[PDB]
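Can you read through this structure? Questions will come right after.
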Amino acid sequence: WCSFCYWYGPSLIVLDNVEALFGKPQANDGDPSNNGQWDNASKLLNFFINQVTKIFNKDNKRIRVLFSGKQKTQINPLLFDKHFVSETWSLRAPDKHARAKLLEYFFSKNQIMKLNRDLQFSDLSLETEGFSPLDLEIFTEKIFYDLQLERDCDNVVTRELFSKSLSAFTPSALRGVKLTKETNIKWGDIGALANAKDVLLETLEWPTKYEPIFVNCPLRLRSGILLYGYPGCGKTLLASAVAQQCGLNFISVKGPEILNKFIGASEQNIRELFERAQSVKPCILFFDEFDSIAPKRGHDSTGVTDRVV
Amino acid sequence: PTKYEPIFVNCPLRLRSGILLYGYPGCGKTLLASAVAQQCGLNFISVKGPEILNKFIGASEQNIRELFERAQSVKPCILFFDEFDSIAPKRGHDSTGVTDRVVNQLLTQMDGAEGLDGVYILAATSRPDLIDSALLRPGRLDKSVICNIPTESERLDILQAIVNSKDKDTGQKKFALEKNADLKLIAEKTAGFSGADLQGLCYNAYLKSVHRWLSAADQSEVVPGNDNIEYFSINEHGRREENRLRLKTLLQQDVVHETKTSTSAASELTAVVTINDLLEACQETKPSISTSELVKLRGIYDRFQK
Amino acid sequence: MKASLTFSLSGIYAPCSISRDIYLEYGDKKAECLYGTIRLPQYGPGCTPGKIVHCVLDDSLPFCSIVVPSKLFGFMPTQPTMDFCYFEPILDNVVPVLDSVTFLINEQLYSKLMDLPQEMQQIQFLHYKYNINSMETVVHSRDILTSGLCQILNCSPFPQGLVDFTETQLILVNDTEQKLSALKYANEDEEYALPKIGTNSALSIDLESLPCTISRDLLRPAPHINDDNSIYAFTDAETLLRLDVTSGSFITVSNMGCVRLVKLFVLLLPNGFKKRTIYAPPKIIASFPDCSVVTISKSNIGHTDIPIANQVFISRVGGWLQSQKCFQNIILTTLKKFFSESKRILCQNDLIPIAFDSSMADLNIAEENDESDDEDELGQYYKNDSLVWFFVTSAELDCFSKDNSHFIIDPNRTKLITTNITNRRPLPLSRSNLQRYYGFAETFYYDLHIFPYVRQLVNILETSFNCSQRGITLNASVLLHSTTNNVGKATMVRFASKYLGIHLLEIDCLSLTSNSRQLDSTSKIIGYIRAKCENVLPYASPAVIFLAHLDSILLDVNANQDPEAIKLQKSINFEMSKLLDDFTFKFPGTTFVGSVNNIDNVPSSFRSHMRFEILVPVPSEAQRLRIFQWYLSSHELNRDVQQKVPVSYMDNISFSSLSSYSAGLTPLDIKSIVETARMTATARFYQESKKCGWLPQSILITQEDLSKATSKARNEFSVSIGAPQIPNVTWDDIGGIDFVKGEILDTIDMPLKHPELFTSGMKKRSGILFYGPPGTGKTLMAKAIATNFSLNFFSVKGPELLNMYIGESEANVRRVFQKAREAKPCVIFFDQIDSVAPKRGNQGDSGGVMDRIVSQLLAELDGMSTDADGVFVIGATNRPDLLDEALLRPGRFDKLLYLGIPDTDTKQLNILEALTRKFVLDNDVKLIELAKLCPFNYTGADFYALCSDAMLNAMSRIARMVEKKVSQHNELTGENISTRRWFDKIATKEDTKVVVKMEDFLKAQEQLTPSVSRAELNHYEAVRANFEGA
Amino acid sequence: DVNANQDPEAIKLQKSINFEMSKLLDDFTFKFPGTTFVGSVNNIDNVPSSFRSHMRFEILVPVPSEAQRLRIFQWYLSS
Ligand SMILES: Nc1ncnc2c1ncn2[C@@H]1O[C@H](COP(=O)(O)OP(=O)(O)OP(=O)(O)O)[C@@H](O)[C@H]1O
Ligand SMILES: Nc1ncnc2c1ncn2[C@@H]1O[C@H](COP(=O)(O)OP(=O)(O)OP(=O)(O)O)[C@@H](O)[C@H]1O
Ligand SMILES: Nc1ncnc2c1ncn2[C@@H]1O[C@H](COP(=O)(O)OP(=O)(O)OP(=O)(O)O)[C@@H](O)[C@H]1O
Ligand SMILES: Nc1ncnc2c1ncn2[C@@H]1O[C@H](COP(=O)(O)OP(=O)(O)O)[C@@H](O)[C@H]1O
Ligand SMILES: [Mg+2]
Ligand SMILES: [Mg+2]
Ligand SMILES: [Mg+2]
């Protein structure tokens, strides 16, 4: 490879799925002492880095490299040690406009499907928001089969057809988890506090909806809201609805769950939430029964509650 | 036992060994231990507090045993526990967790049937009587040595030491002494805080003083005169101070090496602290105050009753 | 474009005169005044930036010729010049203007002009003395305006630009040292003596290496075709006519050894090299190790007689590159190239250097040119990479006496053959620099006076070499072991090789192909090593055998591995010792220089037997400065880049400031930062170039780009050591603060700079503890210190340190501090430290976990009391009395700071001002009244809350504004746009500008109670009543 | 499934087989007209993600209820 690309002048080597050849066989929490995991493959990687750096120092336009792996970190840390690569371009999950933009193309890719009457994919993107450009092709083929097997319509899709096909299919991401949750979508419940519910709606959504202006914000956005209430007057249901608006993901803890007697877990379980939340996306991180975590401004006993708070 | 070894190798009775250092925090205990290494020339294995303990049951055991076996592999060696309270607390009348393991291990490795030799266990802590009495039994940790912070009128001796400390032989000094060296005034003024307090005073005063040579009241070393204004009367633009600073930085394109100077009294490139100005540091530094410790030291040495 | 050049005596910036043609096809007739770009060739691989010069017509000048003033380059035309120059048309006749030009001026005239009462007098004197005219005269940086009188110090922002008194300061600066008198723009006026000697005898002169490859074009005599290329030599002094032989003649004596025929030329005007020395290429200089000064004289041979010797049996020098299997092919091809192309002079018993490229070796071109149309496939693709010498080894038999000297290898009448391999010493670094001449990857040129370890190693190697000359022998063996990767141990060894000429046998245990576990592979690993050594070593002169990453092979004994694996590993472990023994025995001078990355892993059987261990540290302040000065040098940035425009840097950057910033960075990190800076510069240039035109001369590094690069590299490294991503905060983001700034500077800043003072360490200030009231910028202060002082940041987030077991929390504490200690310049931030180090012997036992925690912390923090400085621990709390007394004494948490509520109007206003940074107060409302509105009872967080309420009110206002505005276009009666993406419709982003008004602040003051209760402030005052130390 | 806790140089065969099989999947689907590739699996989870996605509309086959049993008894007990 190095010989050919060196002779052919300004050129790239691009390696798809690079982890299959230069990937580290991760230590599985095994012994670090035996030179870590300086296996055959880290060795090969080191060899390649040497051999390409040799050429690169001669004329920087004569070669470049293009790696590609599932995630940046899990590619062999030697890349980031020897400073062989410094770029952070990540293929995020396409959202909103993107979905529509390419759905049409799939609809006309090889088969020639016609969209339902008086629509331009406007809300077809609103549903299936988490689908990947792999999931979309499969979904298209799904629709094709579902309408074709009907034997009475083979030209145009229908809303009820899409509703039927939407069930019995799941995104690749979270396909195998087999988790069902948040079926309690009840946004329609206006409740009595609608008088000031708008304040909550504002503080959660508007900073995101009015995206361009908030880019200019020089001060940390208001982000936390607390809610008293006479016992159980709709509180979790409200939280559930504000979750189901879906502009943000939701996960929640219920206070008495985590107050283990064990010293360590008692505090570690709070960090368990944040470590996951920060790892995915903006989230609500709702505390139910928050009274039970609160320390009643205690300073003398210095109980575990103080540690947790 | 090593300087006069032909004499001290005469008796069969096992050489008196092991020391327990105790008393006020910040009074030279870890120093006095860690200074023995080069002074004597022995090896000095270090146990930086509770390194031995492990989550697994009985791993601490395999740790202590391996520790002592290592100490016995290369010998003689000082064996210093940088604190000896959190390891091996006084055994309770119950399980009391894994600590009762480690204690009964240490005793075994100390005076077991297959008793070791040539190893000197040196322990220190602030609150020693929480060591189990079976570790205070003479024959192990047998000599208990107090250290004292008050030392009224003796603080001069320490002060003179710390100021005259010459550790780095490259220079005949590190602290910038002055000629008069009337250390008695400040020593008395100290009011007896601690032992580390005086080093704190030293460094604090050196800080307050170093601004004399470097900052120079922004008049005695920087902008000292003729070279203040070598550019002409600037009138094209209002840039006055930043302009002259930029021009000064640009013009300082000369290169020099080994630009040594000894304008100080007996030192290189420093402003010696005037002890009169050093007096200004006594009102800032703070002690550590506790009568509980004073009362508590009543007990470790035979409760001063038995 | 190319044109003829001529020099004349004239003012500093007189316009250049050009021939009629150049004016015709380059002078735009619409231009009021003509300008152009002029370029001078130089003795070097790079090219300097071109001077932008005013131009005038002169019909007297011949076809395509230009006359320029000598003072434009500080020259005198009374000595040999060049015959040509390069010209480029001005891009649309557009010329920039300068702002802050500076001129140095001698003390006498400076003071004389100072006494004058009028200012325009100097402006007129500019024209009177230097013929300068405003808005027309282009000035150049660093130019000497007149020898001993005045000189230009800088041009800004552009290095070249027009003079305009309304725009240019033209800063006259007094030359108090009066060094301009010594700084003559020219080299000298006359030689020592014109007559000297009628018939000069042979003279001893210094023979030194030419620091660059010469270009065949710039030779004053025209060389004959295809001959004498390899024996060029250059000189400038009067010697060329001291001996009657003219330029282009021959000289032979060369120290009166075996005389080496060589041809001498004249060095031309701009050459800045030293006079009365002979500059020679590698071939000529390789025959004369040591003997710095050599005798030389004329040789009027008439012609290079006896150009035919029947055959010649050339030979191959011993060396690492030469003996490789793969390279065996390319070398012979390049030799057959070496022959039958020109008449090359081969004085017997001499070396012949041949350059090639390693990366081409495994590939090959066809025999097409051998078949027909014999020509070289242009070397413009073959960038020479590696060097190997060859030795003549043949005084051929022929019917003539002394035929071995000064013969030729005729393309058709002679044939060359290879005999065998021979042995000699290469040149040492100080004697010559082959890599520089050939432009190879220059191995770093350490300065022994500032890098102890390279000196410690070179001492061992030099003493070993000298012993080699003695009858006695001793087994020298070195082992370089370092804490972290990328600290230049292989560069160290290679430099040691160069500086002494010791042959380098470079084998990397990585590359060797046997499987890592070496299953039934002992004979593979060791056969490979044994062969690759013994093939070259016996004919090798005193040689260092370098084992890179030896640790890979020499694995330690495994306690948890199958017995067969352990046994086969022990086999190599022992045999490596045996091999070291046998090689040390076999030949003198054999120096085993292994390297490892963690000493603890090396087995005892090898750890003990090895003699010397050298600890290679992360470079210090004094060193990284040199490293920077190296990697920004001209000959190292231009190397990688065939693009026309050269690269360089504004001289105003302070290497020392960079070094201060670059604390904790490895040399590879430094090269990374430099190359990223070059990225930024190049991208900036190419993006900007699309404009009309300016800055064409060169693409320039700038301080801001370098600082940005430093900020990048810092965080990227910090990510490599798992640190948090501290957000950007600076002193501007804090307010209400005066004394604690001074404190933090005295603790952190003062020892950072001026290291000469804190020579002995003295256990510098160690612990910063932010006590006092809650919510008052403590975590802000910490993230500020982290961002500002260029220190890695590690944080312990409250009682996180605890765990569900015995001992494992102490593992946690030891592991955090270990990770801190392995990134020495660092900060450990404890937030809510009362949680982790509570008062001992109180609140019950609860298993004593908290006691064992605080005990471990106390013992690690600064128990060991030796070199623990360089890592600073910063903590914050609500209340200090929770903290155990043993942490309070100086040396652990020594400086206690009462950072708290301002309580004073001015401090409040200061906080407002600080939080107003990047904020949009753009109104007649003033912070004075805003302060008066809110009594002192309000806190530090209070005014941030107020500001945020104002901001949110502005957002609400603009939100309803936008809603009712789009209600004029989204509604059906308008039917304009319903995308819900109306900011495309409202393209006037300025219309969105939120700005605060007294409505906002008034309502905030109304709707924002103090966030600290009177009870709470009273309580924390009481806590303060536990006034530490009383 | 990728039991990545297993020893190295085995998982490499696992990757090899998984990918290469999927390669044959695509090769058959695109090189020939009318290939359909019915698969059957004893428990769905064990099919690796790298291969699970490719197929479409997997069928769960529940055990027969009494209405089915009625027809299968009549099948076995047939004439
Ligand atoms: N002769 C001396 N007497 C007392 N202190 C000294 C002396 N020489 C130096 N010092 C300095 O004074 C301090 C004494 O610390 P010391 O050795 O008492 O700590 P420690 O035993 O670890 O304390 P702790 O009881 O808090 O765990 C150190 O900063 C040390 O550098
Ligand atoms: N002090 C230095 N000055 C200039 N360049 C340096 C320096 N140290 C290292 N380098 C450069 O860093 C690169 C790698 O250095 P080298 O191969 O010597 O590392 P090493 O010490 O063997 O490291 P490792 O053990 O991590 O492989 C080379 O391009 C070398 O020129
Ligand atoms: N005096 C101030 N100057 C500048 N910014 C301030 C000031 N007071 C508060 N802020 C801002 O408000 C934020 C709130 O302060 P922060 O929470 O960091 O305080 P703290 O004293 O560390 O509190 P705590 O220990 O209770 O968490 C700061 O991060 C900063 O952005
Ligand atoms: N406005 C409402 N609409 C629908 N359900 C409500 C409403 N208010 C209260 N509820 C019911 O009361 C409960 C609200 O949840 P929550 O207040 O968390 O109960 P608890 O506090 O007892 O767990 C749910 O069972 C919900 O169905
Ligand atoms: Mg101590
Ligand atoms: Mg290396
Ligand atoms: Mg805070």
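Looks like electron microscopy, 4.1 Å, at least that's what the header says.
Every residue gets a Cβ built from N, Cα and C, even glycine.
Pulled these features from Swiss-Prot for this protein:
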REGION    C:478-683  region 'AAA-cassette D1'
BINDING   C:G772, C:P773, C:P774, C:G775, C:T776, C:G777, C:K778, C:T779  ATP binding site
Quick one: what's DSSP say for C:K778 (ATP binding site), helix, strand or coil?
helix
Identify which of the following binding-site residues, namely C:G772, C:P773, C:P774, C:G777, C:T779, place a Cβ less than 6 Å away from any atom of ligand 7, and list them by sequence position.
C:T779
Which of the binding-site residues C:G772, C:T776, C:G777, C:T779 have a Cβ less than 6 Å from any atom of ligand 3?
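Checked binding-site residues vs ligand 3; flagged C:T776, C:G777, C:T779.
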Taking the centroid of the Cβ atoms of C:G772, C:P773, C:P774, C:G775, C:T776, C:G777, C:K778, C:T779 (ATP site), which other same-chain residues have Cβ within 8 Å of it?
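So the additional residues around the site are C:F770, C:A876, C:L899, C:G900, C:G940, C:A941.
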Could you tell me which of these binding-site residues, C:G772, C:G777, C:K778, C:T779, has the fewest other Cβ atoms within 10 Å of its Cβ?
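Fewest other Cβ atoms within 10 Å, among the binding-site residues C:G772, C:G777, C:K778, C:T779, is found for C:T779.
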Report the same-chain neighbours of C:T776 (ATP binding site): residues 6+ apart in sequence with Cβ closer than 8 Å to its Cβ, ordered by sequence.
C:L899, C:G900, C:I901, C:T939, C:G940, C:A941
State the count of C-beta atoms found within 10 angstroms of the C-beta of C:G775 (ATP binding site), not counting that atom itself.
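Excluding its own Cβ, C:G775 (ATP binding site) sees 15 Cβ atoms within 10 Å.
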Which of these binding-site residues has the least crowded Cβ, counting other Cβ atoms within 10 Å: C:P773, C:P774?
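Looking at the binding-site residues C:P773, C:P774, the Cβ with the fewest others within 10 Å is that of C:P774.
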Reduce the DSSP letter at C:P773 (ATP binding site) to three states and note it down.
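In three-state terms, C:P773 (ATP binding site) counts as coil.
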